[PDB]
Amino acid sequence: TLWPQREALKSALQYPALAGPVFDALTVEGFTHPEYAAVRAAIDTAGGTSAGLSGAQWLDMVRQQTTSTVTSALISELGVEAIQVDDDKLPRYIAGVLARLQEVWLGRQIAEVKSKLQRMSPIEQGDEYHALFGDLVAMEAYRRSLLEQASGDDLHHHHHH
């Protein structure tokens, strides 16, 4: 997910209102690339997209959360680097790159819950089984929905159908 990690950061930095609560729900651990995780953390600390800041003010606020010259320069870089997609397609593009990341993370949680359920019986473990299976249904259903959403990222200028 390295490409959508970079695009997700650019989206949060340039269009925090579009990036929105999904972005803010993305975990730092899901940013496998260490310099990207450090930018993700700085954005979280700066208040996330909900801080309702944008533009130069937002970028400064994020840079204020880091003492790394490398992280600081990367915030500036990702704050101005073009997201290469048509303006009308930007909201679905942003949702799409965030969905890529979420999907991957949900996959891990789904696998974990399934491994727990395989050790349990729906008869002997009654209510507990219902509770954990209900958790699985919620993620599996959402994962399926994201797989459809993740399609907004196909609108990238360098992707051709």
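One rule holds for the numbers: they count along the sequence shown, beginning at 1.
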property: Higher-B stretch (mean Cα B-factor, as the entry records it), 148-156 or 9-17; result: 148-156
property: Given 127-135 and 48-56, the range whose Cα B-factors average higher in the PDB entry; result: 48-56
property: Highest-ranked of 62, 26, 117, 110 once sorted by CA temperature factor in the record; result: 26
property: Candidate residues 70, 94, 106, 42, the one whose C-alpha B factor the record puts highest; result: 70
